[PDB]
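Student: For reference, the file upload_25.txt (compact mmCIF, C-alpha atoms) is included below:
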# COMPACT_ATOMS: atom_id res chain seq x y z
CA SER Y 1 2.94 -20.68 -24.72
CA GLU Y 2 6.59 -21.46 -24.00
CA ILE Y 3 6.61 -19.45 -20.77
CA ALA Y 4 3.40 -21.41 -20.17
CA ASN Y 5 5.19 -24.70 -20.84
CA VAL Y 6 7.68 -23.67 -18.11
CA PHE Y 7 4.92 -22.33 -15.79
CA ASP Y 8 2.24 -25.04 -16.50
CA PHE Y 9 -1.02 -23.02 -16.25
CA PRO Y 10 -4.43 -24.64 -16.80
CA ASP Y 11 -5.78 -22.20 -19.39
CA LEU Y 12 -3.25 -20.37 -21.53
CA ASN Y 13 -5.29 -17.15 -21.43
CA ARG Y 14 -5.33 -16.77 -17.64
CA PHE Y 15 -1.59 -17.44 -17.72
CA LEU Y 16 -1.35 -14.75 -20.39
CA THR Y 17 -3.14 -12.39 -18.00
CA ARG Y 18 -0.66 -13.31 -15.29
CA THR Y 19 2.07 -12.29 -17.71
CA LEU Y 20 0.24 -9.20 -18.96
CA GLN Y 21 0.02 -7.63 -15.51
CA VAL Y 22 3.83 -7.43 -15.48
CA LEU Y 23 4.06 -6.73 -19.21
CA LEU Y 24 2.02 -3.52 -18.95
CA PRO Y 25 4.60 -1.52 -16.94
CA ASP Y 26 7.25 -2.60 -19.45
CA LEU Y 27 5.06 -1.38 -22.31
CA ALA Y 28 4.54 1.91 -20.48
CA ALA Y 29 8.31 2.34 -20.18
CA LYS Y 30 8.62 1.71 -23.92
CA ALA Y 31 5.99 4.26 -25.01
CA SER Y 32 6.87 3.39 -28.59
CA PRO Y 33 4.64 2.60 -31.58
CA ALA Y 34 6.23 -0.86 -31.56
CA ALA Y 35 5.30 -1.21 -27.89
CA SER Y 36 1.75 -0.31 -28.87
CA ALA Y 37 2.08 -2.99 -31.56
CA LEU Y 38 3.09 -5.62 -29.01
CA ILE Y 39 0.12 -4.56 -26.89
CA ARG Y 40 -2.18 -4.75 -29.92
CA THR Y 41 -0.97 -8.26 -30.70
CA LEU Y 42 -1.60 -9.34 -27.12
CA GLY Y 43 -5.09 -7.84 -27.17
CA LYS Y 44 -5.89 -9.42 -30.53
CA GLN Y 45 -5.01 -12.77 -28.99
CA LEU Y 46 -6.67 -11.66 -25.76
CA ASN Y 47 -9.91 -10.78 -27.59
CA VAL Y 48 -9.88 -7.57 -25.50
CA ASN Y 49 -8.94 -4.24 -27.05
CA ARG Y 50 -5.27 -3.51 -26.46
CA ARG Y 51 -6.45 0.09 -26.01
CA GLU Y 52 -8.84 -0.91 -23.23
CA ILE Y 53 -6.21 -3.29 -21.85
CA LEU Y 54 -3.63 -0.52 -21.54
CA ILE Y 55 -6.45 1.49 -19.94
CA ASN Y 56 -7.27 -1.11 -17.27
CA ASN Y 57 -3.72 -1.05 -15.89
CA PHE Y 58 -3.13 2.70 -16.35
CA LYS Y 59 -3.86 3.04 -12.64
CA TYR Y 60 -1.16 0.61 -11.53
CA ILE Y 61 1.04 2.02 -14.28
CA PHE Y 62 0.95 5.53 -12.85
CA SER Y 63 2.01 4.32 -9.41
CA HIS Y 64 4.90 2.15 -10.56
CA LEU Y 65 6.07 4.83 -13.00
CA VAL Y 66 5.98 7.72 -10.52
CA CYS Y 67 7.95 5.44 -8.21
CA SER Y 68 10.53 4.42 -10.84
CA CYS Y 69 10.49 6.74 -13.87
CA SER Y 70 11.77 10.02 -15.26
CA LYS Y 71 9.09 12.70 -14.91
CA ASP Y 72 9.53 13.95 -18.48
CA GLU Y 73 9.65 10.32 -19.59
CA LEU Y 74 6.47 9.81 -17.57
CA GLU Y 75 4.59 12.54 -19.43
CA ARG Y 76 5.83 11.35 -22.82
CA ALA Y 77 4.75 7.78 -22.07
CA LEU Y 78 1.37 8.94 -20.75
CA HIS Y 79 0.57 10.96 -23.86
CA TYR Y 80 1.69 8.12 -26.12
CA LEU Y 81 -0.57 5.68 -24.27
CA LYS Y 82 -3.52 8.08 -24.25
CA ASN Y 83 -3.47 8.64 -27.99
CA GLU Y 84 -3.80 4.91 -28.64
CA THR Y 85 -6.31 4.26 -25.84
CA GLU Y 86 -8.55 7.05 -27.19
CA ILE Y 87 -8.93 8.27 -23.60
CA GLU Y 88 -6.94 11.21 -22.15
CA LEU Y 89 -4.44 9.80 -19.60
CA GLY Y 90 -5.38 12.75 -17.36
CA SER Y 91 -9.10 12.04 -17.93
CA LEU Y 92 -8.57 8.44 -16.72
CA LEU Y 93 -6.79 9.84 -13.60
CA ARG Y 94 -9.83 12.02 -12.82
CA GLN Y 95 -11.55 8.65 -12.31
CA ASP Y 96 -8.93 6.80 -10.24
CA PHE Y 97 -6.54 9.36 -8.71
CA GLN Y 98 -7.72 8.19 -5.28
CA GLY Y 99 -6.82 4.60 -6.11
CA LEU Y 100 -3.51 5.98 -7.33
CA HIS Y 101 -2.97 7.56 -3.93
CA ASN Y 102 -3.80 4.18 -2.41
CA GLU Y 103 -1.15 2.51 -4.57
CA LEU Y 104 1.50 5.13 -3.86
CA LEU Y 105 0.90 5.02 -0.12
CA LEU Y 106 1.32 1.27 -0.48
CA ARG Y 107 4.72 1.89 -2.05
CA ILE Y 108 5.17 5.18 -0.17
CA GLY Y 109 7.69 3.79 2.31
CA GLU Y 110 10.29 3.12 -0.38
CA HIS Y 111 9.20 5.80 -2.88
CA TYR Y 112 8.24 8.53 -0.41
CA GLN Y 113 9.27 11.31 -2.79
CA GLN Y 114 7.70 9.78 -5.88
CA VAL Y 115 4.54 9.35 -3.81
CA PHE Y 116 4.84 13.05 -3.05
CA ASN Y 117 5.10 14.11 -6.68
CA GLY Y 118 2.28 11.84 -7.80
CA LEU Y 119 -0.15 12.82 -5.06
CA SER Y 120 0.71 16.46 -5.73
CA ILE Y 121 -0.02 16.19 -9.44
CA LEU Y 122 -3.27 14.47 -8.51
CA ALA Y 123 -4.21 17.16 -5.98
CA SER Y 124 -3.73 19.73 -8.73
CA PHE Y 125 -6.23 17.81 -10.84
CA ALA Y 126 -8.44 17.54 -7.76
CA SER Y 127 -8.78 21.32 -7.48
CA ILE Y 128 1.22 19.61 -1.83
CA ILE Y 129 5.01 19.82 -1.75
CA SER Y 130 4.61 20.93 1.85
CA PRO Y 131 4.52 17.87 4.14
CA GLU Y 132 1.48 19.20 5.99
CA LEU Y 133 -0.44 19.86 2.77
CA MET Y 134 0.57 16.39 1.58
CA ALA Y 135 -0.84 15.01 4.83
CA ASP Y 136 -4.09 16.98 4.61
CA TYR Y 137 -4.44 15.49 1.13
CA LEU Y 138 -3.68 11.95 2.33
CA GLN Y 139 -6.16 12.02 5.22
CA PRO Y 140 -9.29 11.64 3.03
CA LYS Y 141 -7.63 8.97 0.88
CA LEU Y 142 -6.12 6.80 3.61
CA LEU Y 143 -9.39 5.17 4.66
CA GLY Y 144 -9.70 3.75 1.17
CA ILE Y 145 -5.98 3.00 1.32
CA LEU Y 146 -6.55 0.80 4.37
CA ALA Y 147 -9.51 -0.71 2.57
CA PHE Y 148 -7.17 -1.57 -0.31
CA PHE Y 149 -4.70 -3.15 2.10
CA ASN Y 150 -7.42 -5.37 3.52
CA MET Y 151 -8.65 -6.21 0.02
CA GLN Y 152 -5.13 -7.33 -0.86
CA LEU Y 153 -4.99 -9.35 2.35
CA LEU Y 154 -8.19 -11.12 1.25
CA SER Y 155 -6.85 -12.05 -2.19
CA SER Y 156 -4.97 -15.32 -2.51
CA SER Y 157 -3.13 -14.03 -5.57
CA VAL Y 158 -1.54 -11.11 -3.73
CA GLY Y 159 1.73 -12.06 -2.09
CA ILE Y 160 2.15 -12.09 1.67
CA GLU Y 161 5.68 -10.66 1.67
CA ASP Y 162 4.09 -7.83 -0.30
CA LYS Y 163 1.70 -7.46 2.62
CA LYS Y 164 4.76 -7.21 4.87
CA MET Y 165 6.25 -4.43 2.76
CA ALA Y 166 2.88 -2.68 2.83
CA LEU Y 167 2.92 -3.07 6.61
CA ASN Y 168 6.25 -1.26 6.76
CA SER Y 169 4.73 1.42 4.53
CA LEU Y 170 1.89 1.49 7.04
CA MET Y 171 4.33 2.21 9.85
CA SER Y 172 5.57 5.12 7.75
CA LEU Y 173 1.95 6.16 7.21
CA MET Y 174 1.14 6.10 10.92
CA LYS Y 175 4.15 8.36 11.36
CA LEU Y 176 2.98 10.71 8.61
CA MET Y 177 -0.60 10.84 9.90
CA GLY Y 178 -0.02 12.66 13.17
CA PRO Y 179 -2.12 12.17 16.29
CA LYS Y 180 -5.25 13.90 14.96
CA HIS Y 181 -5.66 11.33 12.17
CA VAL Y 182 -4.09 8.42 14.04
CA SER Y 183 -7.00 8.83 16.44
CA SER Y 184 -9.55 8.38 13.66
CA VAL Y 185 -7.65 5.43 12.18
CA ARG Y 186 -6.58 3.66 15.39
CA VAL Y 187 -9.25 0.98 14.97
CA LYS Y 188 -8.10 0.20 11.44
CA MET Y 189 -4.49 0.20 12.63
CA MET Y 190 -5.27 -2.45 15.22
CA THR Y 191 -7.15 -4.32 12.50
CA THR Y 192 -4.08 -4.30 10.27
CA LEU Y 193 -1.98 -5.47 13.21
CA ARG Y 194 -4.34 -8.41 13.60
CA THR Y 195 -4.15 -9.20 9.90
CA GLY Y 196 -0.37 -9.27 9.98
CA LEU Y 197 -0.42 -11.39 13.12
CA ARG Y 198 -2.22 -13.93 10.94
CA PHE Y 199 1.08 -14.40 9.08
CA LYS Y 200 3.90 -15.29 11.47
CA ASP Y 201 7.55 -16.37 11.73
CA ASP Y 202 8.34 -13.77 9.07
CA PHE Y 203 5.86 -10.99 9.77
CA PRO Y 204 6.70 -11.08 13.52
CA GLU Y 205 10.15 -9.55 13.30
CA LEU Y 206 9.00 -6.41 11.49
CA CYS Y 207 5.53 -6.36 13.03
CA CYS Y 208 7.05 -5.99 16.47
CA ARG Y 209 8.51 -2.62 15.51
CA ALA Y 210 5.23 -2.03 13.70
CA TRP Y 211 3.44 -2.46 17.02
CA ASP Y 212 5.92 -0.30 18.91
CA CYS Y 213 4.96 2.41 16.47
CA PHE Y 214 1.26 1.51 16.55
CA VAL Y 215 1.38 2.22 20.28
CA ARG Y 216 3.52 5.37 20.26
CA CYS Y 217 2.21 6.61 16.89
CA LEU Y 218 -1.26 6.31 18.61
CA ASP Y 219 -2.40 9.33 20.69
CA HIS Y 220 -0.83 9.44 24.22
CA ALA Y 221 -4.08 10.25 26.10
CA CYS Y 222 -5.87 6.87 25.58
CA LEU Y 223 -4.23 3.45 25.07
CA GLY Y 224 -6.16 0.98 27.25
CA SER Y 225 -8.25 -0.74 24.59
CA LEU Y 226 -5.47 -1.09 22.04
CA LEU Y 227 -3.15 -2.23 24.84
CA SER Y 228 -5.60 -4.97 25.72
CA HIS Y 229 -5.64 -6.07 22.10
CA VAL Y 230 -1.87 -5.70 21.92
CA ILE Y 231 -1.02 -7.75 25.00
CA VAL Y 232 -3.37 -10.39 23.60
CA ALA Y 233 -1.63 -10.44 20.24
CA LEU Y 234 1.83 -10.14 21.80
CA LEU Y 235 1.65 -13.10 24.16
CA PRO Y 236 1.83 -15.24 20.99
CA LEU Y 237 4.34 -12.84 19.45
CA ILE Y 238 6.60 -13.30 22.47
CA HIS Y 239 7.33 -16.93 21.59
CA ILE Y 240 8.78 -15.77 18.27
CA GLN Y 241 10.89 -13.09 19.95
CA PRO Y 242 10.51 -12.37 23.68
CA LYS Y 243 12.12 -8.95 23.76
CA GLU Y 244 10.24 -6.95 21.11
CA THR Y 245 6.90 -7.64 22.78
CA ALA Y 246 8.30 -6.64 26.17
CA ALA Y 247 9.64 -3.40 24.70
CA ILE Y 248 6.23 -2.57 23.27
CA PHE Y 249 4.69 -3.28 26.68
CA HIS Y 250 7.24 -1.19 28.54
CA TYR Y 251 6.64 1.85 26.36
CA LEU Y 252 3.00 1.85 27.46
CA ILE Y 253 3.62 0.79 31.05
CA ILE Y 254 6.08 3.56 31.83
CA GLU Y 255 5.74 6.25 29.16
CA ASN Y 256 1.96 6.07 29.63
CA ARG Y 257 2.16 4.86 33.24
CA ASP Y 258 -0.36 7.45 34.41
CA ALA Y 259 -2.75 6.03 31.82
CA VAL Y 260 -1.44 2.51 32.50
CA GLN Y 261 -3.16 2.99 35.85
CA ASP Y 262 -6.50 1.13 35.67
CA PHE Y 263 -5.22 -0.16 32.36
CA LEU Y 264 -3.33 -2.83 34.26
CA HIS Y 265 -6.67 -3.33 35.97
CA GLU Y 266 -8.05 -3.95 32.49
CA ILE Y 267 -5.84 -6.99 31.76
CA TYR Y 268 -4.37 -9.04 34.58
Mind turning the file's structure into structure tokens?
Tutor:
Amino acid sequence: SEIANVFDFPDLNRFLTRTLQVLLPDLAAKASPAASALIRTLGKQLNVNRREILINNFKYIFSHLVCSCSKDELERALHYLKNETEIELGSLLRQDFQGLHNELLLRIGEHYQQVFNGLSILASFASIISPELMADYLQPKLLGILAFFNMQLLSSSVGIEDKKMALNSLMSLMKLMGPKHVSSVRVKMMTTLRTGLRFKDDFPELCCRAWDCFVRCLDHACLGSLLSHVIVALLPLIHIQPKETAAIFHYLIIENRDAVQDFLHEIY
């Protein structure tokens, strides 16, 4: 209620949910009977089982832990949580390991290695240390990952700067994909580029490099359509910074000049 008096929220319970989202990772880190007691108190006030509450976030919890946690500490915390929840922590993963991959990939840019370990553990449950095996694993999950990115974009609650970080992660992901998969996901890549274009004057400065990738990361043989879209989007981007756009253009124009033939014809 105090934090509420500082944060002025209409209904104290929705404000409590706001708090609880952040609280849950903290509780996970604790993995102590007293932490379970705090959670039980919150749920008692919440009217929702603290067990089921801990459950609901277990998915986000895994991601943020794997990113920032001690592996051994991770397993200890997971078992502690499971016992209270009455659900095996592993059994819950069997239901949302794909969403976990989505999360990690979201944070993959900054926690590349933690993403590795998590996705590997999940692949084991599915049926990885090698980068190519990690990729093969990611390929089926990344469509839903993109879906999650767009879902976040839709939500007002989600932060936009967070979308920017995720966009950087997406540059990393385009790199990791390789041409075979970048071909399949080119459309969604251009879609994400659009989305980011929606937010400007902060997203432009990173999204320019994002687009440089988007072009090069995209397969060399065909770039006309995406270049149409890109010149379109970039003309506005130029006003923010003239040079990044031009660099993106030049990569296509010269590096893909043989393809750029009749592509120029495309857009005057």
Student: Identify which of the residues Y:267, Y:135, Y:57, Y:46 lies closest to residue 12 in chain Y, counting all atoms listed in the file when measuring atom-to-atom distances.
Tutor: Y:46
Student: Need the neighbours of (-5.8, -15.2, -21.3): which residues are at most 10 Å away, counting all atoms listed in the file, as number ranges by chain?
Tutor: Y: 11-20, 42-43, 45-48
Student: Which one of Y:85, Y:130, Y:63, Y:256 sits closest to residue 118 in chain Y if you count all atoms listed in the file?
Tutor: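 That would be Y:63, the residue with the smallest distance to residue 118 in chain Y.
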Student: Figure out the distance between CA of residue 171 in chain Y and CA of residue 210 in chain Y, please, to one decimal in Å.
Tutor: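 Separation of CA of residue 210 in chain Y and CA of residue 171 in chain Y: 5.8 Å.
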Student: Record the distance separating CA of residue 104 in chain Y and CA of residue 49 in chain Y, expressed in Å with one decimal.
Tutor: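 Here the two named atoms are 27.1 Å from each other.
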Student: Counting all atoms listed in the file, which of Y:162, Y:243, Y:178, Y:59 gets nearest to residue 196 in chain Y?
Tutor: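 Nearest candidate to residue 196 in chain Y out of Y:162, Y:243, Y:178, Y:59: Y:162.
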Student: Expressed in Å to a single decimal, how great is the separation between CA of residue 226 in chain Y and CA of residue 186 in chain Y?
Tutor: 8.2 Å
Student: Per residue of range 91-207 of chain Y within 12 Å of range 68-76 of chain Y, note the shortest atom pair and the distance in Å to one decimal, counting only C-alpha atoms, and order the rows by chain and increasing residue number, as JSON lines.
Tutor:
{"residue": "Y:104", "atom": "CA", "partner": "Y:68", "partner_atom": "CA", "distance": 11.4}
{"residue": "Y:107", "atom": "CA", "partner": "Y:68", "partner_atom": "CA", "distance": 10.8}
{"residue": "Y:108", "atom": "CA", "partner": "Y:68", "partner_atom": "CA", "distance": 12.0}
{"residue": "Y:110", "atom": "CA", "partner": "Y:68", "partner_atom": "CA", "distance": 10.5}
{"residue": "Y:111", "atom": "CA", "partner": "Y:68", "partner_atom": "CA", "distance": 8.2}
{"residue": "Y:112", "atom": "CA", "partner": "Y:68", "partner_atom": "CA", "distance": 11.4}
{"residue": "Y:113", "atom": "CA", "partner": "Y:68", "partner_atom": "CA", "distance": 10.7}
{"residue": "Y:114", "atom": "CA", "partner": "Y:68", "partner_atom": "CA", "distance": 7.8}
{"residue": "Y:115", "atom": "CA", "partner": "Y:68", "partner_atom": "CA", "distance": 10.5}
{"residue": "Y:117", "atom": "CA", "partner": "Y:71", "partner_atom": "CA", "distance": 9.3}
{"residue": "Y:118", "atom": "CA", "partner": "Y:71", "partner_atom": "CA", "distance": 9.9}
{"residue": "Y:121", "atom": "CA", "partner": "Y:71", "partner_atom": "CA", "distance": 11.2}
Student: Show me as a list in words the residues that reach within 9 Å of (5.0, 1.3, 6.5), counting only C-alpha atoms and using the file's own coordinates.
Tutor: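 Looking at atoms near the point gives residues 105, 106, 107, 108, 109, 110, 164, 165, 166, 167, 168, 169, 170, 171, 172, 173, 174, 175 and 210 of chain Y.
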Student: What would range 82-93 of chain Y look like with N, CA, C and O atoms restored, written as a tab-separated table (two decimals), in the coordinates of the input?
Tutor:
chain	number	residue	atom	x	y	z
Y	82	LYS	N	-2.21	7.46	-24.07
Y	82	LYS	CA	-3.52	8.08	-24.25
Y	82	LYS	C	-3.95	8.03	-25.70
Y	82	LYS	O	-5.04	7.55	-26.03
Y	83	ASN	N	-3.09	8.53	-26.59
Y	83	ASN	CA	-3.47	8.64	-27.99
Y	83	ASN	C	-4.01	7.32	-28.52
Y	83	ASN	O	-5.04	7.28	-29.21
Y	84	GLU	N	-3.33	6.22	-28.20
Y	84	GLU	CA	-3.80	4.91	-28.64
Y	84	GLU	C	-5.11	4.55	-27.94
Y	84	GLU	O	-6.09	4.17	-28.58
Y	85	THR	N	-5.13	4.67	-26.61
Y	85	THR	CA	-6.31	4.26	-25.84
Y	85	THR	C	-7.57	4.96	-26.31
Y	85	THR	O	-8.67	4.40	-26.21
Y	86	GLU	N	-7.44	6.18	-26.82
Y	86	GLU	CA	-8.55	7.05	-27.19
Y	86	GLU	C	-9.14	7.72	-25.96
Y	86	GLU	O	-10.19	8.37	-26.06
Y	87	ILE	N	-8.47	7.56	-24.82
Y	87	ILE	CA	-8.93	8.27	-23.60
Y	87	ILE	C	-7.77	9.17	-23.15
Y	87	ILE	O	-6.60	8.75	-23.30
Y	88	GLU	N	-8.06	10.39	-22.68
Y	88	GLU	CA	-6.94	11.21	-22.15
Y	88	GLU	C	-6.38	10.48	-20.92
Y	88	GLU	O	-7.19	9.97	-20.11
Y	89	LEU	N	-5.05	10.44	-20.79
Y	89	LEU	CA	-4.44	9.80	-19.60
Y	89	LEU	C	-4.90	10.59	-18.36
Y	89	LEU	O	-5.26	9.96	-17.34
Y	90	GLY	N	-4.91	11.92	-18.48
Y	90	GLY	CA	-5.38	12.75	-17.36
Y	90	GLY	C	-6.83	12.45	-17.07
Y	90	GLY	O	-7.18	12.33	-15.89
Y	91	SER	N	-7.65	12.28	-18.12
Y	91	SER	CA	-9.10	12.04	-17.93
Y	91	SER	C	-9.29	10.73	-17.15
Y	91	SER	O	-10.17	10.69	-16.27
Y	92	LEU	N	-8.49	9.72	-17.46
Y	92	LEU	CA	-8.57	8.44	-16.72
Y	92	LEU	C	-8.21	8.70	-15.24
Y	92	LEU	O	-8.88	8.12	-14.36
Y	93	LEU	N	-7.20	9.53	-14.99
Y	93	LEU	CA	-6.79	9.84	-13.60
Y	93	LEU	C	-7.99	10.43	-12.85
Y	93	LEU	O	-8.27	9.97	-11.73
